[PDB]
Amino acid sequence: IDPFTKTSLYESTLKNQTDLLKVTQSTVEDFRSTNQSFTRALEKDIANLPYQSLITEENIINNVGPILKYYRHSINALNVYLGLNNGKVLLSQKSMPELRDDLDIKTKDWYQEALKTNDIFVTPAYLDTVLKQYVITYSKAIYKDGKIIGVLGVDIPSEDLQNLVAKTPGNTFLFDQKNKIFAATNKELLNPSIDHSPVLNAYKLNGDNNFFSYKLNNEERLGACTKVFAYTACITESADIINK
Ligand SMILES: CC(C)[C@H](C)[C@H](N)C(=O)O
Ligand code: NA
Ligand code: NA
Ligand code: NA
């Protein structure tokens, strides 16, 4: 009851929950950066091949194919591939790499968007065309001496990130770009019929990392969210710690 005591409990729990939110933020960050570093290394190894090894399709198969395969295995990626301007893609898939002409690669965001930036492009999660798993794709237009070779893609199962987030301490969770729930420590929050408005509205009012109160079934809860890339990361807890 004494306001000194309530303030002490509030300040403690704000610190604790902030810390835990930041661990889930770090988890998302480190997943991305590891995948980006991998993709960058692969780009470098492909671009360091002589032009002769890159300028016929049979040479791409025989010289780039093994690189795609070893890299895929190193990280247990689902697919690793190189898309060419003739519409063919050299594909190393979890199951030697094949040059596929039937995958409509120029319709794909991972292909188109890699040509519009000099960075790595990271897709939202989507259902892979070939293996029918949900993946996050990292793509990169590879140039040698300023000349485009093709677009590299690396597909990592989105489950990998979901699992990493779920293992974190705290009642933390992630929304995707469209404010749909994406990952959670408590698997029940993944019910698509849960309304997240209260938290999402309190986030909009308060901003990144700003602790707020809200109600659930007439009881008080405390939480915070923050943007992490296109995701929104949140933590919530009961306010019993400060009230009882
Ligand atoms: C090669 C390319 C078609 C991949 C299978 C990519 N994950 C996609 O679904 O667009
Ligand atoms: Na890294
Ligand atoms: Na690796
Ligand atoms: Na957690």
Side-chain angles (χ1 to χ4, degrees), residues 22-49 54 57 60-142 148-165 168 176-178 182 228-231:
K22 191 175 189 290
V23 170
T24 285
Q25 175 181 345
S26 289
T27 300
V28 177
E29 294 172 341
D30 292 350
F31 177 82
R32 182 160 298 189
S33 63
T34 291
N35 290 329
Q36 292 167 315
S37 292
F38 171 92
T39 301
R40 173 151 288 116
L42 181 47
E43 164 184 48
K44 191 177 175 175
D45 267 325
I46 296 167
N48 276 341
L49 289 171
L54 300 170
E57 290 159 294
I60 286 285
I61 294 168
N62 295 326
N63 293 292
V64 175
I67 312 180
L68 305 181
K69 177 184 72 173
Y70 298 139
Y71 271 77
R72 176 174 59 84
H73 288 162
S74 76
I75 208 170
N76 194 33
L78 193 71
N79 298 303
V80 174
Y81 45 97
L82 180 63
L84 308 180
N85 184 55
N86 64 7
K88 304 198 191 162
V89 59
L90 181 67
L91 174 60
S92 181
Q93 62 169 98
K94 204 168 178 193
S95 49
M96 282 302 285
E98 292 181 10
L99 195 58
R100 298 270 305 250
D101 69 10
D102 61 322
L103 289 173
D104 299 314
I105 69 176
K106 287 188 174 177
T107 67
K108 306 297 188 184
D109 288 342
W110 62 258
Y111 185 92
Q112 299 171 359
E113 294 295 330
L115 297 181
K116 293 193 250 193
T117 180
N118 292 314
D119 275 323
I120 297 164
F121 184 71
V122 185
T123 70
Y126 69 97
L127 192 64
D128 182 58
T129 302
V130 173
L131 291 176
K132 300 289 185 183
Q133 299 178 44
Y134 286 90
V135 297
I136 293 164
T137 297
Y138 301 81
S139 62
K140 184 63 155 76
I142 296 186
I148 180 70
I149 305 304
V151 174
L152 177 65
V154 174
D155 296 346
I156 305 297
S158 54
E159 181 172 2
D160 288 356
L161 176 57
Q162 295 166 336
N163 285 349
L164 280 160
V165 168
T168 65
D176 71 16
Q177 294 97 325
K178 294 183 178 171
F182 178 83
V228 189
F229 312 125
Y231 297 110

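Starting from 1, each residue takes its place in the sequence as its number. Numbering of ligands and ligand atoms starts at 1, following listing order.
Checking each of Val64, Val89, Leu90 against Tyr81 for a side-chain contact (heavy atoms from CB on, under 4.5 Å) leaves exactly one that passes, namely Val89.
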(Q) Go through it in stages, so that I can follow the logic: the residues are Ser92 and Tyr71, the test is side chain to side chain contact (heavy atoms under 4.5 Å, CB included), and I'd like the CA-CA distance, side-chain angles, deciding distance and then a yes or no. (A) CA-CA 10 Å; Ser92 181; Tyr71 271 77; over 6 Å; no
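Inclusion of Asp155 in the set of residues having an N or O under 3.5 Å from an N or O of ligand 1 is warranted. Close N/O approach between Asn79 and ligand 1 is not found [any backbone or side-chain N/O within under 3.5 Å].
Rounding to the nearest 0.5 Å gives a distance of 4.5 Å between CG of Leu131 and CG of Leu78.
Salt bridge annotation for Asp176-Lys178: absent, with no cationic side-chain nitrogen under 4.0 angstrom from a carboxylate oxygen.
For atom 9 (O) of ligand 1, the closest heavy atom belonging to the protein is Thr129 OG1, 2.7 Å. For atom 2 (C) of ligand 1, the nearest non-hydrogen atom of the protein is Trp110 CZ2, 3.8 Å. Here the heavy atom of the protein found nearest to atom 6 (C) of ligand 1 is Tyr126 OH, 3.3 Å.
Of the possible polar contacts, one joining the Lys140 side chain to the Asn118 backbone as a donor-acceptor pair under 3.5 Å is found.
At least one N/O/S atom of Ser37, from backbone or side chain, sits under 3.0 Å from the Na ion (ligand 2). At a cut-off of 3.0 Å, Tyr71 is not counted among the residues with an N, O or S atom near the Na ion (ligand 3).
Between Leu82, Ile136, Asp128, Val130, it is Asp128 that holds the heavy atom closest to atom 4 (C) of ligand 1.
The environment of CG in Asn163 is crowded: more than 12 heavy-atom neighbours from other residues, nucleotides or ligands sit within 6.0 Å.
The aromatic ring centroids of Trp110 and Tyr126 lie 6.0 Å or more from each other.
For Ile105, the heavy-atom gap to ligand 1 stays at 4.0 angstrom or more.
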